[PDB]
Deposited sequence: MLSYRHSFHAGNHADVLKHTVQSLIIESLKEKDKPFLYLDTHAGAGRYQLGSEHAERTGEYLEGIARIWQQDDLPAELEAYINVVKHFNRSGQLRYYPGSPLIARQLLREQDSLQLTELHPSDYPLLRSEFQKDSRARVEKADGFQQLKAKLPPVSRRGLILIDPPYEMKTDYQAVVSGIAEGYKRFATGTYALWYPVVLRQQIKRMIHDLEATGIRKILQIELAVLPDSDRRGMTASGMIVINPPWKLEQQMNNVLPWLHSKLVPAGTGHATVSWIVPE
């Protein structure tokens, strides 16, 4: 009955990933046929901002009230505003609540979350929502057990914490088990850039699966470093919607200028593997 807190909720990485998620869902909704949203590392659902302040102040805060807000970011900010109708950031949606509000009545959610402290809160967020299934299990295995969805259209969101290095391996081995079973779905992998070499290994191991039509979006606050920590984050999208890349070239520059006012880092949208 008590919402979780999160120092990082709504930080620049969140803004990027929930932007890409929201754009992919809205592209899915263009056909009035149903689709699944599979979230492997779902977290609690929402996060009470502050204490009794937080990295949201340098993230969702810098963009959600901006008069010139790009039109592609509207569906995302409208979710944040639904969870903050006082006009003050006191809550930040998680990807499952992003999904809850954007998905239609006919659509389906599959959510997994192993930690005993969030699973209860998450389960309550869909307590009354039959579209979803919430389980306290390992989400990399839901790629083998939940796919393909009956609808045969969907978005898988793999957003691991990278607390153990083996998560840099797990996500690529998991995407291959997902892709064997459901090769037409859009997979979306978040990464933090702490040590680029780590990321470059991941990406090499991902093209080595042989999956094609792979895109890469990355928002860096600082040029790559080792003394700093998370100098960037990005999204690697497999089978993206065709407008995602022109949507992320139209948006990500603006995003970088608002989230990173001190003019450091970069904002890149590239193709890891062409079609």
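- Going by the record, the unmodelled stretches of the deposited sequence, in order, are 1, 54-57.
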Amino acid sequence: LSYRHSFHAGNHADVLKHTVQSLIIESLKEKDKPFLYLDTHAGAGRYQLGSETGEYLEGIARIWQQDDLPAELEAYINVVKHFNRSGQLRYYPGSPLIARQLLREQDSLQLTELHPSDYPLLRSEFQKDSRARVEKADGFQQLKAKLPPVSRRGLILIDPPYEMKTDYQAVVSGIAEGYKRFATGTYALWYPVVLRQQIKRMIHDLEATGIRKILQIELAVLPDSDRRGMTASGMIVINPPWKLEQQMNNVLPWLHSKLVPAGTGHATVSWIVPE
From here on, numbers count along this sequence of modelled residues.
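- Legend: mean Cα B-factor per stretch from the PDB entry, 157-165 versus 95-103; the higher mean is in 157-165.
- Higher mean CA temperature factor, per the PDB entry, when comparing 218-226 with 234-242: 218-226.
- Between the residues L121, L143, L73, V150, the entry's highest C-alpha temperature factor is the one at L143.
- Ranked by C-alpha B-factor against the other modelled residues of its chain, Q48 falls in the highest third.
- Among the modelled residues of the chain, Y187 sits in the lowest third by CA temperature factor in this PDB entry.
- Ranked by C-alpha B-factor against the other modelled residues of its chain, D68 falls in the lowest third.
- Compared with the other modelled residues of the chain, the Cα B-factor recorded for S6 ranks in the lowest third.
- Annotation for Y179: C-alpha temperature factor in the highest third relative to the rest of the modelled chain, per the entry.
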